[PDB]
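Per-chain residue numbering starts at 1, and chain names A, B, C, D and E are given in the order in which the chains are listed.
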Amino acid sequence: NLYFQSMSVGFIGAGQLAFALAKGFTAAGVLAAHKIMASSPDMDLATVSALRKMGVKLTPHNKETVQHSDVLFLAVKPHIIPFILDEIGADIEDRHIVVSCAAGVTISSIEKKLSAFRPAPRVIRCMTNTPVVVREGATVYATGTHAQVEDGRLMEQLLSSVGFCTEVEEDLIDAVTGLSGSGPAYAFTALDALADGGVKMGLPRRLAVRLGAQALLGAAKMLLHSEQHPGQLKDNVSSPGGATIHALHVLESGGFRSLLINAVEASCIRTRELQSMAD
Amino acid sequence: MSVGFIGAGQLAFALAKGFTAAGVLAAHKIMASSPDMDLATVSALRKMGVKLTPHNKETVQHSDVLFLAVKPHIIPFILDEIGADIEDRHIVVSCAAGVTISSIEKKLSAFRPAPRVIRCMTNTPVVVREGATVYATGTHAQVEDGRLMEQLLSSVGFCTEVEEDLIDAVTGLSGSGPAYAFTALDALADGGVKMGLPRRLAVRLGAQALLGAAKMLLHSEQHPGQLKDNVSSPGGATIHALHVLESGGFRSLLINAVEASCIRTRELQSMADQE
Amino acid sequence: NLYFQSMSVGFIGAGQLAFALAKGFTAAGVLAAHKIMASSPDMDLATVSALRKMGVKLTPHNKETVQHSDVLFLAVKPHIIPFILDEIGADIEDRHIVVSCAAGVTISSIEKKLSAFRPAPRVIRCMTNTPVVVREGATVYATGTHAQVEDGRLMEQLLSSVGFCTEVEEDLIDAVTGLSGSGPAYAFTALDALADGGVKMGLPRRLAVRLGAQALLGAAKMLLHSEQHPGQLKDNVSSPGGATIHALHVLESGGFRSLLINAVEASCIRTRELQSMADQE
Amino acid sequence: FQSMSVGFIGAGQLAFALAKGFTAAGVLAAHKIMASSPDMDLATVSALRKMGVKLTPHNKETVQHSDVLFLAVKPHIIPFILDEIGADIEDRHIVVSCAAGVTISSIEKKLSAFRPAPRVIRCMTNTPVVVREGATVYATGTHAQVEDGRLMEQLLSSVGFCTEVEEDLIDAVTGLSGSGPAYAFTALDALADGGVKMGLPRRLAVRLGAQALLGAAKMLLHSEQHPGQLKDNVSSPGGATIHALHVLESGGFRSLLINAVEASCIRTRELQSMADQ
Amino acid sequence: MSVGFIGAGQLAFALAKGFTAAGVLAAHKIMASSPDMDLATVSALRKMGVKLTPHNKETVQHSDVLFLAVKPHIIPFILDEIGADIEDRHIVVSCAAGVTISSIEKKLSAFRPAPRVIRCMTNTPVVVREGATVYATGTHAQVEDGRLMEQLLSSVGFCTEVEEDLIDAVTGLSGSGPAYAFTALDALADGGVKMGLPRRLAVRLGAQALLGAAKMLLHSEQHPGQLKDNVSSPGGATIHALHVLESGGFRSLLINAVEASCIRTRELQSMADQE
């Protein structure tokens, strides 16, 4: 991997996503823990000290991170992005590749901020999720106006080391946020509820969590490796008159499917609001 | 070691495919039997190298480990057909939902005393070697019988021994669970399509998100609520979506499901035990 | 062993919050009641009657409070605040710290009014709740433009004597209002209902109120003193197949969680919406 | 509580919670407690171990050690336990059953086949004894001495509120204060979600919501006033609180908490009507 | 007669398959074009005999009847690309949902006056020659243009002329309608499976019942309520099931669907017309 030979990486914002990618990247063995830098105005958080246990260099000053970094991740709340771009924008050299992870924030807003300091800022927008921490992430990215082709290919190689990754048009990223960005939280809620179900029927809680998580993992893997439609796989499991089809009825009766549609839609719609509450 | 399957449908194919993929069993040392020797699962096992037959008696004579993978109401008819063919060497592994070790031991004890019986509940993801399997050892299962089953089935997913009275609840949880996930994924994909994603991409991303979250939980020392907290940034998109799931009673629906599947499982065995 | 010997406290407004804070400050020992003065236009209030028993000095004239006080709590309704500021703005001195407890009212609107009379007024915005009265309040505060560093430390010192207190950014305070400011009323509603349930299943009302409140108190204390997620503590009570997991299910079937999220949201939105119509007017 | 020896049959969540509370209170030396379980691998067993509690796989050893013996196993284990160690219950023992649903009557039936006057007490407590803010009730059996009830009240009062009740109230208490902490933890998790939705950091929103519930409960305990009156004092006309109370009312918030207490009480009586038959 | 398709996806395959099955068009006289000349619909048309190309201009030059079967937001880009290639001989048939005759005529009138434009709304069952199709003739459509389109499309299903302002409502009804039916059938099949039927049999019987009822209504002079009456015997099984549909507001859900699809169709065209 000549891409990652001597590449440095930095994070502005040292929160949940910064730790997850740093944990993912280092576990994948694509980068050394000391070759990554993160910043936060609060070195007192949990994420900050976990990153330090990793051996990640931590500083309070975002201008330190930009100086040390080839690829620069922006891992801060959406409304901070233009505040950060004012602060470090005169420090963005032509060598930098600025990868924005903030939900909603458009390539255009970032480029307008940085194109006032140097004409051709190299910007990539990305939407990832926390399972990169076990190298099973789901990632999309869109390339900006001045991103060279090697920048898209480096980004793919880097983010494929921690999970699935593909390029998309930027107009899809809000919807991806609602689906795979927020998706893991839908899954954690589901697994907690399924374990409550297991407990209600007599199972020890530890066992019920394990069995629920394994069933969801196995089922998602089955879908990824099958050519068959989701409903065909459901049919394979649903014996006539059986326990499973009886359970599927009660899911249907509460509008189970519509709740997951509602969830993707509400996250996507909130992601658009977060962007226009910047423009 | 020689393994047999009575019933050559969905579950037989999943386990045999997983065993052979795992490298713990060679397809030629596996024999499976079914009457309608024309079903699609039959052909899938035949293109796989499994030995096939319409005679349940030939499967018994060929195997040391004998899986029962027929619909639960068929188990008694099978135990009658082959009960006289069971030898000392056999381990009988019932995969049937609801069917008790007691009921199997009572039908097979009329032919030879001390049948070695194991009850398991598994699920279809054994096909990709990510199944969830529990098992209970029967009255006459020796020590090496439970250790062998756990070794064999650990090769196609998670596997642990349980007291038999947990198994109907496991059935509602990890037995039916993949169908809950398949439903969830079809719906998440519809959500992704509603918001502008192509179906193909939406299916892939939804499935990858469920898999990754599941792997995270399994590999973490943390409560699923705590992992939920990390994803849901303050004022953010995730916590907005979580609210609409809560407003629908999302959690209660999953509790309802596990319960309904467990209760149906007991109900079915009750009708079996009534006769 | 805290005590502010050179500090005189005043309250403009002598209703629920002022009584709650005066009662808590005095029970904490940090403030003798006679070093506290409160003012209200209705000297025949139950709260004014209560404050009089504690020894607090009472007056109808707000200027009197301002002239006596160093730390000046604005404890009137949000829409009264601009009239209060117009009346006593010319009486604010350098020595004053103005602590606004009004829901929604920004530091900016207070500072703009008072800056017309004397530049650089020292303003602190505060969100607290009634349990300060038993010294278990939840308080956040934000420091204004001209508040010294010792002003915030002093206010955190003082408000810490009656419960939890921390500094926050001002743009979090409307959300705190939705959670801990309105939070006691959610709890009172919950305890009335749980007691109703205890009565339905055959408990005497008095016992059912006691047990319910003790259960909420103990659980909240457990969470405050644990490093564990609330779901984990919940799991320790929910024995497999037991009574508790059966009750959790019916709570889940009603959307219990979403109602509490709805409540926090509704209180915060209303807090923003009151302020925004004050700003226009 | 001079030199009392305490035992728990069952080394699970409640056994840990009470042992933690009693040693926190300083009423018991950890090493004067003995707990038994057939699975010495559990996390509760490791925590008890680190506390200094004596652990053993043999229930008979717990019994011989104890003066006060707590039964802290699942309700349906209780008859298996009494069969097993029933011949080892001595006249000096006070047997305290913590199991939801199990009646004094059913315990005395099993035990009096061995000695004629087993001293039995039934209680319902909850996990906040761990921070000495438990809510505990107890009822005295046929042969419990007057001193036995006073001893038990003194012991349980050191880790929270404790009062004697008639036994016919204990299933209802189970639904209220026994299961109550779980309802509170659910409430707190949801209040924090709401705080996060409106823009608070998770840690701060957990802290403030917990502080709010604790302070409100304490207010009501120290007030001679109806909880509706206290609610009135919080909600200013046209204000934020009264808007939030409305959306709670529109979802039937009150009725859900009533359904909860009722469902847990009814389940508790089912956990006994199954054992009895 | 030579027919062309710009866009070679779901709808192009359905219509071409139906036309050739019908015998009104030979596959070799049909040309279709797409950029991603790799999609599965592309291969299905290639195994069919349709002529294929990545150049939209070649489709125009080859056809007399030119169908537009691209996603609605692509229509303007296409009208720009080929507007200069349109000749007097062409009939332009837009299949795009929402897209108005006005908007197409305005883009093509900038190159040659009086373009012959037809707007239709069709659906996927044209693939089995049972589609539902309406059409509106444009400003410069001669008389033989509307009669030709009706002849061509009557061969793959029902076809009638409508005023253009009904077409967005038709889209919510018969355009999206097959998806409502597919959903209904998956669910009826689940119902059949819950009550003991094998999935395969349940799918077949459900689909046959919907088809037969639909044919009955189309071939009867009677109100659908009256046909409902004949099936529901007094005290019987049908009227019990109808009650549970009514208690769920079954009818209102279908009204909601048609409305939601119609409204989304107008909304989308509004965003198009805004720019």
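In the analysis below, a residue touches a chain if its C-beta (ideal position, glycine included) is under 8 Å from a C-beta of that chain, and two chains touch if they have at least 3 such contacts.
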Determine the set of chains touching chain A that also touch chain D. B, C
Chain-touch separation of chain B and chain D, in steps, is 1
By Cα-centroid distance to the whole-protein Cα centroid, the innermost chain is A
Using mean Cα positions as chain centres, tell me which chain lies farthest from chain B. C
So the centre of each chain is just the mean of its C-alpha atoms; given that, what is the distance between chain D and chain E in Å? 66
Any idea how many Å lie between the Cα centroids of chain C and chain D? 32
Distance from chain C to chain B - Cα centre to Cα centre, in angstrom: 55
Tell me, which residues of chain D touch at least two other chains? 189-190, 193, 197-200
I'd like to see which chains touch which, written out pair by pair. A-B, A-C, A-E, B-C, B-D, C-D
Residue numbers on chain B that touch chain A, as the complex places them: 10, 71, 97-98, 123-128, 130-132, 134, 157-158, 160, 162, 165-166, 168-192, 194-197, 201-219, 223-225, 227-228, 230-238, 240-245, 248-265, 268
Per the contact definition, I'd like the list of chain E residues that touch chain A in the complex. 186-187, 190, 193-199
Hey, which residues of chain C end up touching chain A in the complex? 231, 235, 238, 240-241, 245-246, 248-249, 252
In the complex formed with chain B, which residues of chain C make contact? 228-232, 235, 249, 252-255, 257-258, 261-262, 265
